[PDB]
file my_file_21.txt (compact mmCIF, C-alpha atoms)
# COMPACT_ATOMS: atom_id res chain seq x y z
CA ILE A 2 -6.50 19.52 -11.00
CA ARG A 3 -2.72 19.81 -10.56
CA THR A 4 -0.77 17.44 -8.28
CA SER A 5 0.05 20.34 -5.92
CA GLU A 6 -3.68 20.87 -5.22
CA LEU A 7 -3.96 17.35 -3.75
CA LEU A 8 -0.87 17.70 -1.56
CA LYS A 9 -2.12 18.64 1.91
CA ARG A 10 0.64 17.18 4.15
CA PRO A 11 4.44 17.09 4.03
CA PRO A 12 6.07 13.87 2.78
CA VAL A 13 8.01 11.49 5.01
CA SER A 14 11.68 12.12 4.29
CA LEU A 15 14.90 11.05 5.99
CA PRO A 16 18.58 11.57 5.32
CA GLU A 17 20.17 9.03 2.95
CA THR A 18 22.08 7.77 6.01
CA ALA A 19 18.83 6.49 7.60
CA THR A 20 18.63 2.92 8.92
CA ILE A 21 15.86 0.58 7.82
CA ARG A 22 14.13 0.80 11.24
CA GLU A 23 14.32 4.61 11.24
CA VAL A 24 12.39 4.67 7.96
CA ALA A 25 9.86 2.15 9.36
CA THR A 26 9.38 4.35 12.47
CA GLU A 27 8.55 7.45 10.40
CA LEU A 28 6.28 5.56 8.00
CA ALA A 29 4.36 3.78 10.81
CA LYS A 30 3.92 7.03 12.71
CA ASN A 31 2.60 9.03 9.73
CA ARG A 32 0.46 6.17 8.36
CA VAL A 33 1.96 6.34 4.88
CA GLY A 34 3.69 3.79 2.69
CA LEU A 35 6.62 5.53 0.94
CA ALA A 36 9.56 7.46 2.39
CA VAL A 37 11.96 9.68 0.47
CA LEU A 38 15.68 9.53 1.22
CA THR A 39 17.28 12.93 0.73
CA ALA A 40 20.81 14.09 -0.13
CA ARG A 41 23.44 14.78 2.54
CA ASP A 42 24.01 18.19 0.93
CA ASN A 43 20.31 19.10 0.52
CA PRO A 44 17.44 17.70 2.63
CA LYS A 45 14.98 18.85 -0.07
CA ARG A 46 16.68 16.89 -2.86
CA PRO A 47 15.34 13.36 -3.42
CA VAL A 48 17.95 10.61 -3.88
CA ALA A 49 15.94 7.40 -3.37
CA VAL A 50 12.64 6.04 -2.07
CA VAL A 51 11.87 3.28 0.44
CA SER A 52 8.50 1.57 0.52
CA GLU A 53 6.91 -0.50 3.26
CA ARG A 54 7.21 -3.22 0.56
CA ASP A 55 11.02 -2.92 0.67
CA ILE A 56 11.02 -3.16 4.47
CA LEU A 57 8.72 -6.22 4.22
CA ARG A 58 11.24 -7.90 1.91
CA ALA A 59 14.10 -6.99 4.31
CA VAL A 60 12.17 -8.79 7.08
CA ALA A 61 11.60 -11.81 4.80
CA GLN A 62 15.35 -11.95 4.05
CA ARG A 63 16.43 -11.51 7.71
CA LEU A 64 18.43 -8.36 7.01
CA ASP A 65 19.76 -6.35 9.95
CA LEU A 66 16.99 -3.75 10.25
CA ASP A 67 19.39 -1.40 12.07
CA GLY A 68 21.59 -1.45 8.95
CA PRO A 69 21.35 1.25 6.25
CA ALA A 70 18.14 1.79 4.23
CA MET A 71 19.83 2.98 1.00
CA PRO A 72 20.72 -0.56 -0.20
CA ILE A 73 16.96 -1.50 -0.12
CA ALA A 74 15.92 1.82 -1.76
CA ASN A 75 15.07 2.52 -5.39
CA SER A 76 15.32 5.46 -7.76
CA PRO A 77 12.32 7.80 -7.36
CA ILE A 78 9.58 8.04 -9.98
CA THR A 79 8.53 11.69 -10.09
CA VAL A 80 5.90 14.10 -11.40
CA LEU A 81 5.89 17.91 -11.27
CA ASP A 82 3.80 19.88 -8.77
CA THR A 83 2.62 21.63 -11.94
CA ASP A 84 1.55 18.41 -13.69
CA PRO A 85 -2.14 17.54 -14.07
CA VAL A 86 -3.17 14.71 -11.73
CA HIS A 87 -3.85 12.37 -14.70
CA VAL A 88 -0.07 12.27 -15.28
CA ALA A 89 0.43 11.08 -11.68
CA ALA A 90 -2.20 8.34 -12.20
CA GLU A 91 -0.55 7.32 -15.48
CA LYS A 92 2.88 6.85 -13.88
CA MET A 93 1.50 4.80 -10.96
CA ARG A 94 -0.40 2.60 -13.40
CA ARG A 95 2.38 2.22 -15.99
CA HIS A 96 5.17 1.68 -13.43
CA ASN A 97 2.85 -0.45 -11.23
CA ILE A 98 3.51 1.61 -8.11
CA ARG A 99 1.18 3.06 -5.50
CA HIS A 100 2.98 6.40 -5.08
CA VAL A 101 4.69 9.12 -7.05
CA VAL A 102 7.17 11.67 -5.71
CA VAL A 103 6.12 15.25 -6.44
CA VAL A 104 8.99 17.63 -7.25
CA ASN A 105 9.09 21.24 -8.51
CA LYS A 106 10.81 22.76 -11.57
CA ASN A 107 14.08 22.99 -9.59
CA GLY A 108 14.01 19.33 -8.50
CA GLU A 109 13.18 19.90 -4.82
CA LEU A 110 10.83 17.55 -2.94
CA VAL A 111 7.30 18.99 -2.70
CA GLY A 112 5.39 15.92 -1.58
CA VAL A 113 4.32 12.34 -2.19
CA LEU A 114 1.04 11.37 -3.82
CA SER A 115 -0.69 8.06 -3.05
CA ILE A 116 -3.14 6.13 -5.27
CA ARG A 117 -5.32 6.43 -2.15
CA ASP A 118 -5.27 10.25 -2.68
CA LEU A 119 -6.59 9.91 -6.25
CA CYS A 120 -9.13 7.08 -6.09
CA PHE A 121 -11.76 8.03 -3.50
CA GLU A 122 -13.02 11.59 -4.29
CA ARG A 123 -15.67 11.70 -7.05
CA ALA A 124 -14.21 14.88 -8.63
CA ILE A 125 -10.72 13.36 -8.94
CA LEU A 126 -12.22 10.01 -10.03
CA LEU A 127 -14.34 11.65 -12.74
CA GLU A 128 -11.33 13.65 -13.94
CA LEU A 129 -9.21 10.48 -14.14
CA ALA A 130 -12.17 8.52 -15.59
CA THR A 131 -12.39 10.82 -18.65
CA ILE B 2 -18.32 -5.02 -12.26
CA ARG B 3 -18.06 -7.54 -9.39
CA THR B 4 -15.10 -7.96 -7.01
CA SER B 5 -14.51 -11.53 -8.29
CA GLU B 6 -13.81 -10.13 -11.78
CA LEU B 7 -10.69 -8.31 -10.51
CA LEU B 8 -9.09 -11.14 -8.53
CA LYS B 9 -5.65 -11.98 -9.92
CA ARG B 10 -3.98 -14.83 -7.95
CA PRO B 11 -4.89 -17.06 -5.04
CA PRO B 12 -4.75 -15.12 -1.78
CA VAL B 13 -1.84 -15.41 0.61
CA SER B 14 -3.16 -17.32 3.61
CA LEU B 15 -1.38 -18.85 6.57
CA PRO B 16 -2.70 -20.65 9.65
CA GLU B 17 -3.46 -18.44 12.66
CA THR B 18 -0.32 -19.79 14.44
CA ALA B 19 1.98 -18.24 11.80
CA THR B 20 4.92 -16.12 12.91
CA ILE B 21 5.43 -12.54 11.77
CA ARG B 22 8.37 -13.47 9.53
CA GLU B 23 6.44 -16.40 8.01
CA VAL B 24 3.76 -13.92 6.92
CA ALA B 25 6.42 -11.52 5.61
CA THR B 26 8.09 -14.34 3.64
CA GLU B 27 4.86 -15.42 1.93
CA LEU B 28 3.85 -11.83 1.13
CA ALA B 29 7.33 -11.02 -0.25
CA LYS B 30 7.23 -14.19 -2.41
CA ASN B 31 3.77 -13.45 -3.87
CA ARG B 32 4.47 -9.71 -4.25
CA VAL B 33 1.27 -8.64 -2.48
CA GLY B 34 0.65 -6.70 0.72
CA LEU B 35 -2.04 -8.53 2.70
CA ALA B 36 -2.07 -12.02 4.21
CA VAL B 37 -5.15 -13.77 5.60
CA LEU B 38 -4.76 -15.82 8.79
CA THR B 39 -7.15 -18.78 8.73
CA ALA B 40 -8.76 -20.90 11.43
CA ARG B 41 -6.61 -23.82 12.57
CA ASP B 42 -9.51 -26.26 12.00
CA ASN B 43 -10.72 -24.63 8.73
CA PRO B 44 -8.19 -23.17 6.20
CA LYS B 45 -11.07 -21.58 4.25
CA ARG B 46 -12.33 -19.41 7.14
CA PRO B 47 -10.58 -16.02 7.65
CA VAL B 48 -9.96 -15.05 11.29
CA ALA B 49 -7.47 -12.21 10.86
CA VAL B 50 -5.37 -10.22 8.44
CA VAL B 51 -1.76 -9.05 8.52
CA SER B 52 -0.54 -6.47 6.02
CA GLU B 53 2.91 -5.09 5.24
CA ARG B 54 1.71 -2.07 7.22
CA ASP B 55 1.32 -4.20 10.36
CA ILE B 56 4.77 -5.68 9.74
CA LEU B 57 6.10 -2.12 9.31
CA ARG B 58 4.77 -1.21 12.77
CA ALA B 59 6.31 -4.42 14.18
CA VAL B 60 9.72 -3.36 12.86
CA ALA B 61 9.31 0.20 14.26
CA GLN B 62 8.46 -1.26 17.69
CA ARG B 63 11.36 -3.76 17.65
CA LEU B 64 9.09 -6.76 18.17
CA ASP B 65 10.37 -10.30 17.96
CA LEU B 66 9.67 -10.83 14.24
CA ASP B 67 9.89 -14.60 14.81
CA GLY B 68 7.11 -14.36 17.40
CA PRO B 69 3.41 -14.92 16.60
CA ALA B 70 1.70 -12.78 13.93
CA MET B 71 -1.77 -12.97 15.51
CA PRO B 72 -1.03 -10.25 18.13
CA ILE B 73 -0.23 -7.79 15.27
CA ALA B 74 -3.23 -8.95 13.20
CA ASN B 75 -6.51 -7.14 12.53
CA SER B 76 -10.11 -8.31 12.14
CA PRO B 77 -10.93 -9.14 8.50
CA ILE B 78 -12.84 -6.43 6.63
CA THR B 79 -14.68 -8.43 4.00
CA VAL B 80 -16.77 -8.10 0.85
CA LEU B 81 -18.62 -10.74 -1.14
CA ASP B 82 -17.24 -12.08 -4.44
CA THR B 83 -20.62 -11.00 -5.89
CA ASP B 84 -20.51 -7.41 -4.53
CA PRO B 85 -20.02 -4.56 -7.00
CA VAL B 86 -16.55 -3.04 -6.83
CA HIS B 87 -17.93 0.24 -5.35
CA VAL B 88 -18.75 -1.68 -2.15
CA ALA B 89 -15.04 -2.62 -1.82
CA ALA B 90 -13.81 0.91 -2.56
CA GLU B 91 -16.20 2.32 0.05
CA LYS B 92 -15.07 -0.22 2.68
CA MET B 93 -11.44 0.68 1.93
CA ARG B 94 -12.25 4.41 2.25
CA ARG B 95 -14.36 4.09 5.41
CA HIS B 96 -11.95 1.76 7.25
CA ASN B 97 -8.78 3.58 6.07
CA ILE B 98 -7.35 0.41 4.51
CA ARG B 99 -6.00 -0.52 1.10
CA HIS B 100 -7.23 -4.11 0.91
CA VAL B 101 -10.39 -6.11 1.52
CA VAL B 102 -10.82 -9.84 1.99
CA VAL B 103 -13.16 -11.29 -0.65
CA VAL B 104 -15.37 -14.13 0.60
CA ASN B 105 -18.26 -16.13 -0.83
CA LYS B 106 -21.83 -16.49 0.53
CA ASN B 107 -20.56 -19.34 2.76
CA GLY B 108 -17.86 -17.12 4.33
CA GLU B 109 -14.99 -18.92 2.62
CA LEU B 110 -11.92 -17.03 1.41
CA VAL B 111 -12.01 -16.33 -2.33
CA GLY B 112 -9.30 -13.70 -2.61
CA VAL B 113 -7.92 -10.37 -1.56
CA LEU B 114 -8.72 -7.20 -3.50
CA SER B 115 -6.25 -4.32 -3.47
CA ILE B 116 -6.63 -0.60 -4.09
CA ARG B 117 -4.34 -1.30 -7.11
CA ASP B 118 -7.06 -3.50 -8.61
CA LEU B 119 -9.72 -0.80 -8.37
CA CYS B 120 -7.94 2.44 -9.07
CA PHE B 121 -6.05 2.07 -12.37
CA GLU B 122 -8.52 1.07 -15.12
CA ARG B 123 -10.82 3.84 -16.42
CA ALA B 124 -13.95 1.70 -16.76
CA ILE B 125 -13.52 0.78 -13.10
CA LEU B 126 -12.87 4.41 -12.01
CA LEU B 127 -15.97 5.44 -13.96
CA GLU B 128 -18.02 2.84 -12.10
CA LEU B 129 -16.58 4.01 -8.75
CA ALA B 130 -17.44 7.63 -9.70
CA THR B 131 -21.09 6.86 -10.60
CA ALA B 132 -22.01 5.16 -7.30

call {"tool": "encode", "arguments": {"input": "my_file_21.txt", "output": "structure tokens"}}
result
Amino acid sequence: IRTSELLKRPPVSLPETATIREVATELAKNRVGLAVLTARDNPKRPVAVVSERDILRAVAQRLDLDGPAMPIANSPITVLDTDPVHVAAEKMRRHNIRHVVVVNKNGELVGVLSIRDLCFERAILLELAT
Amino acid sequence: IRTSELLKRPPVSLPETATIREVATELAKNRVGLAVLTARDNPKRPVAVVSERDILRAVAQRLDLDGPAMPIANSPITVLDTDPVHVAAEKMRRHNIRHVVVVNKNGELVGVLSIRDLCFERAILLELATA
């Protein structure tokens, strides 16, 4: 199974100019945990990622949640749409993260894969198990 | 493999009167995503849960983050410390959640199990796949 085969929905993405609350709004609405911030010059080019974890920490620290999201963002960890799903599972495990950003050969955003997408189906489980 | 075998640290718990930001602070500190709210008269008894996802929604809705957490809380979805890990995975899948509250036979809080705990190690995946 390739990572593209498991991608059924578009990822949550926002311009790199997004506020913290704007990211939270899109994540809450789409019931997913990681948002991709995209370049001003290309909305399909990933620049950073913001997790619900980052927003949580912003709340803990009393940051202005209408301020910019980029300062709480981190560099994306990526796999290819062409990569076998075991590579996606390896990066989540080894980087201790619950998502990977799926990009194509040309570096454009294809989707985001969750550990939730890999762990529940028997066929994916058995593939990752062996 | 039992759920108790995969518990890492003591669970994040706060009394049921906790504010939203108090929950966020404790979760941020412990680097985990689910807090258990416990009964005022019994700190061992879970009454509700608040995850980073609930806090996310709170932010999106512009709630007073220094107001009570209970209104944004959910009923605890629990498993026993003696349950096989496939029971936890199934509860996560069927309730569309990424955590479960682990309790003992007397209903006391033992820990919180995450999807991270179940979904990385092969031996565990294998056991989830067999069920």

call {"tool": "interface_residues", "arguments": {"input": "my_file_21.txt", "of": "chain A", "to": "chain B", "cutoff": "7 Å", "atoms": "all atoms listed in the file", "output": "list in words"}}
result
residues 22, 25, 26, 29, 53, 54, 56, 57, 58, 60, 61, 94, 120, 121, 123, 126, 127 and 130 of chain A

call {"tool": "residues_near_point", "arguments": {"input": "my_file_21.txt", "point": "(6.9, 11.8, 10.7)", "cutoff": "12 Å", "atoms": "only C-alpha atoms", "output": "compact mmCIF listing (two decimals) with C-alpha atoms, in the coordinates of the input"}}
result
# COMPACT_ATOMS: atom_id res chain seq x y z
CA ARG A 10 0.64 17.18 4.15
CA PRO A 11 4.44 17.09 4.03
CA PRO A 12 6.07 13.87 2.78
CA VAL A 13 8.01 11.49 5.01
CA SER A 14 11.68 12.12 4.29
CA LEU A 15 14.90 11.05 5.99
CA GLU A 23 14.32 4.61 11.24
CA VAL A 24 12.39 4.67 7.96
CA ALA A 25 9.86 2.15 9.36
CA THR A 26 9.38 4.35 12.47
CA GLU A 27 8.55 7.45 10.40
CA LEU A 28 6.28 5.56 8.00
CA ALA A 29 4.36 3.78 10.81
CA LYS A 30 3.92 7.03 12.71
CA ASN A 31 2.60 9.03 9.73
CA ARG A 32 0.46 6.17 8.36
CA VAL A 33 1.96 6.34 4.88
CA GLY A 34 3.69 3.79 2.69
CA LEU A 35 6.62 5.53 0.94
CA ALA A 36 9.56 7.46 2.39
CA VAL A 37 11.96 9.68 0.47

call {"tool": "closest_residue", "arguments": {"input": "my_file_21.txt", "among": "B:87, B:9, B:100, B:46", "to": "residue 31 in chain B", "atoms": "all atoms listed in the file"}}
result
B:9

call {"tool": "residues_around", "arguments": {"input": "my_file_21.txt", "residues": "residue 3 in chain A", "least_positions_apart": "4", "cutoff": "6 Å", "atoms": "all atoms listed in the file", "output": "compact mmCIF listing (two decimals) with C-alpha atoms, keeping the file's coordinate frame"}}
result
# COMPACT_ATOMS: atom_id res chain seq x y z
CA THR A 83 2.62 21.63 -11.94
CA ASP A 84 1.55 18.41 -13.69
CA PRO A 85 -2.14 17.54 -14.07
CA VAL A 86 -3.17 14.71 -11.73

call {"tool": "atom_distance", "arguments": {"input": "my_file_21.txt", "atom1": "CA of residue 84 in chain B", "atom2": "CA of residue 2 in chain B"}}
result
8.4 Å

call {"tool": "closest_residue", "arguments": {"input": "my_file_21.txt", "among": "A:17, A:91, A:42, A:82", "to": "residue 105 in chain A", "atoms": "all atoms listed in the file"}}
result
A:82

call {"tool": "atom_distance", "arguments": {"input": "my_file_21.txt", "atom1": "CA of residue 93 in chain A", "atom2": "CA of residue 72 in chain A"}}
result
22.7 Å

call {"tool": "residues_around", "arguments": {"input": "my_file_21.txt", "residues": "residue 15 in chain B", "least_positions_apart": "6", "cutoff": "8 Å", "atoms": "all atoms listed in the file", "output": "list in words"}}
result
residues 24, 36, 37, 38 and 39 of chain B

call {"tool": "atom_distance", "arguments": {"input": "my_file_21.txt", "atom1": "CA of residue 118 in chain A", "atom2": "CA of residue 101 in chain A"}}
result
10.9 Å

call {"tool": "closest_residue", "arguments": {"input": "my_file_21.txt", "among": "A:20, A:4, A:107, A:131", "to": "residue 45 in chain A", "atoms": "only C-alpha atoms"}}
result
A:107

call {"tool": "residues_around", "arguments": {"input": "my_file_21.txt", "residues": "residue 19 in chain A", "least_positions_apart": "5", "cutoff": "9 Å", "atoms": "all atoms listed in the file", "output": "ChimeraX atom specification"}}
result
/A:24,38,68-71

call {"tool": "closest_residue", "arguments": {"input": "my_file_21.txt", "among": "B:70, B:111, B:35, B:64", "to": "residue 83 in chain B", "atoms": "only C-alpha atoms"}}
result
B:111

call {"tool": "closest_residue", "arguments": {"input": "my_file_21.txt", "among": "A:2, A:88, A:21, A:129", "to": "residue 64 in chain A", "atoms": "only C-alpha atoms"}}
result
A:21

call {"tool": "residues_around", "arguments": {"input": "my_file_21.txt", "residues": "residue 108 in chain A", "least_positions_apart": "5", "cutoff": "10 Å", "atoms": "all atoms listed in the file", "output": "PyMOL selection string"}}
result
chain A and resi 45-47+79+81+103

call {"tool": "residues_around", "arguments": {"input": "my_file_21.txt", "residues": "residue 16 in chain B", "least_positions_apart": "2", "cutoff": "8 Å", "atoms": "all atoms listed in the file", "output": "ChimeraX atom specification"}}
result
/B:14,18-19,38-41,44

call {"tool": "write_last_selection", "arguments": {"input": "my_file_21.txt", "atoms": "C-alpha atoms", "output": "JSON list (two decimals), keeping the file's coordinate frame"}}
result
[["chain", "number", "residue", "atom", "x", "y", "z"],
["B", 14, "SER", "CA", -3.16, -17.32, 3.61],
["B", 18, "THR", "CA", -0.32, -19.79, 14.44],
["B", 19, "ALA", "CA", 1.98, -18.24, 11.80],
["B", 38, "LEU", "CA", -4.76, -15.82, 8.79],
["B", 39, "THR", "CA", -7.15, -18.78, 8.73],
["B", 40, "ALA", "CA", -8.76, -20.90, 11.43],
["B", 41, "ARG", "CA", -6.61, -23.82, 12.57],
["B", 44, "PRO", "CA", -8.19, -23.17, 6.20]]

call {"tool": "decode", "arguments": {"input": "my_file_21.txt", "residues": "range 94-120 of chain A", "atoms": "N, CA, C and O atoms", "output": "short mmCIF file (atom, residue, chain, number, x, y, z; two decimals), in the first residue's frame"}}
result
data_model
loop_
_atom_site.label_atom_id
_atom_site.label_comp_id
_atom_site.auth_asym_id
_atom_site.auth_seq_id
_atom_site.Cartn_x
_atom_site.Cartn_y
_atom_site.Cartn_z
N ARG A 94 6.73 7.03 14.27
CA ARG A 94 7.30 6.29 15.38
C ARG A 94 8.65 6.87 15.82
O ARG A 94 8.87 7.15 17.00
N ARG A 95 9.53 7.06 14.85
CA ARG A 95 10.91 7.51 15.09
C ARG A 95 11.02 8.99 15.42
O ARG A 95 11.93 9.39 16.15
N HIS A 96 10.09 9.81 14.93
CA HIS A 96 10.03 11.23 15.29
C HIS A 96 9.02 11.49 16.42
O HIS A 96 8.87 12.62 16.85
N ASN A 97 8.37 10.43 16.90
CA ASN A 97 7.33 10.53 17.94
C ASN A 97 6.27 11.58 17.61
O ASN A 97 6.03 12.50 18.39
N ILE A 98 5.67 11.44 16.43
CA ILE A 98 4.62 12.34 15.99
C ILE A 98 3.44 11.52 15.50
O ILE A 98 3.61 10.35 15.12
N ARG A 99 2.26 12.12 15.50
CA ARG A 99 1.04 11.39 15.15
C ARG A 99 0.57 11.66 13.74
O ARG A 99 -0.49 11.20 13.35
N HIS A 100 1.36 12.43 12.98
CA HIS A 100 1.04 12.73 11.57
C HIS A 100 2.31 12.78 10.74
O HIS A 100 3.40 12.99 11.27
N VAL A 101 2.14 12.59 9.44
CA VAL A 101 3.18 12.93 8.48
C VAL A 101 2.52 13.70 7.35
O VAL A 101 1.34 13.49 7.05
N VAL A 102 3.27 14.62 6.75
CA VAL A 102 2.79 15.41 5.62
C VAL A 102 3.17 14.67 4.35
O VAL A 102 4.34 14.31 4.17
N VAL A 103 2.20 14.43 3.47
CA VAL A 103 2.44 13.69 2.24
C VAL A 103 2.62 14.68 1.09
O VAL A 103 1.73 15.47 0.79
N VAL A 104 3.81 14.65 0.48
CA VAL A 104 4.14 15.50 -0.66
C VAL A 104 4.46 14.63 -1.88
O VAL A 104 4.75 13.43 -1.76
N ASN A 105 4.39 15.23 -3.07
CA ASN A 105 4.78 14.53 -4.30
C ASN A 105 6.24 14.80 -4.66
O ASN A 105 6.94 15.53 -3.94
N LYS A 106 6.69 14.20 -5.76
CA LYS A 106 8.04 14.37 -6.30
C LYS A 106 8.48 15.83 -6.45
O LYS A 106 9.65 16.16 -6.27
N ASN A 107 7.52 16.70 -6.77
CA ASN A 107 7.79 18.12 -6.98
C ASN A 107 7.63 18.99 -5.72
O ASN A 107 7.71 20.22 -5.79
N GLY A 108 7.40 18.35 -4.58
CA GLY A 108 7.32 19.04 -3.29
C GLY A 108 6.00 19.73 -2.98
O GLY A 108 5.93 20.51 -2.03
N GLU A 109 4.95 19.44 -3.75
CA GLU A 109 3.63 20.01 -3.48
C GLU A 109 2.86 19.16 -2.47
O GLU A 109 3.00 17.93 -2.44
N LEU A 110 2.05 19.82 -1.65
CA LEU A 110 1.22 19.17 -0.63
C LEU A 110 0.14 18.30 -1.26
O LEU A 110 -0.70 18.79 -2.01
N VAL A 111 0.17 17.01 -0.93
CA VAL A 111 -0.81 16.03 -1.41
C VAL A 111 -1.85 15.74 -0.32
O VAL A 111 -3.05 15.65 -0.60
N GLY A 112 -1.38 15.59 0.91
CA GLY A 112 -2.25 15.29 2.03
C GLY A 112 -1.51 15.17 3.34
O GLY A 112 -0.30 15.42 3.41
N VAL A 113 -2.26 14.82 4.38
CA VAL A 113 -1.70 14.53 5.68
C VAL A 113 -2.23 13.18 6.16
O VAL A 113 -3.43 12.92 6.09
N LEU A 114 -1.31 12.33 6.61
CA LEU A 114 -1.65 11.02 7.12
C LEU A 114 -1.58 11.02 8.64
O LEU A 114 -0.61 11.51 9.22
N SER A 115 -2.60 10.46 9.28
CA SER A 115 -2.67 10.30 10.73
C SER A 115 -2.34 8.87 11.15
O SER A 115 -2.62 7.93 10.41
N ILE A 116 -1.78 8.70 12.35
CA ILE A 116 -1.58 7.35 12.92
C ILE A 116 -2.93 6.62 13.02
O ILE A 116 -2.99 5.39 12.87
N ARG A 117 -3.99 7.40 13.22
CA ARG A 117 -5.37 6.92 13.21
C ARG A 117 -5.73 6.26 11.85
O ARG A 117 -6.48 5.29 11.82
N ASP A 118 -5.19 6.79 10.75
CA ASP A 118 -5.42 6.22 9.41
C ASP A 118 -4.73 4.88 9.19
O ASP A 118 -5.15 4.11 8.32
N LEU A 119 -3.67 4.61 9.95
CA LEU A 119 -2.85 3.41 9.75
C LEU A 119 -3.18 2.26 10.71
O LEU A 119 -3.00 1.09 10.35
N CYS A 120 -3.67 2.59 11.89
CA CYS A 120 -3.76 1.63 12.99
C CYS A 120 -5.04 0.79 13.12
O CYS A 120 -5.05 -0.19 13.85
#
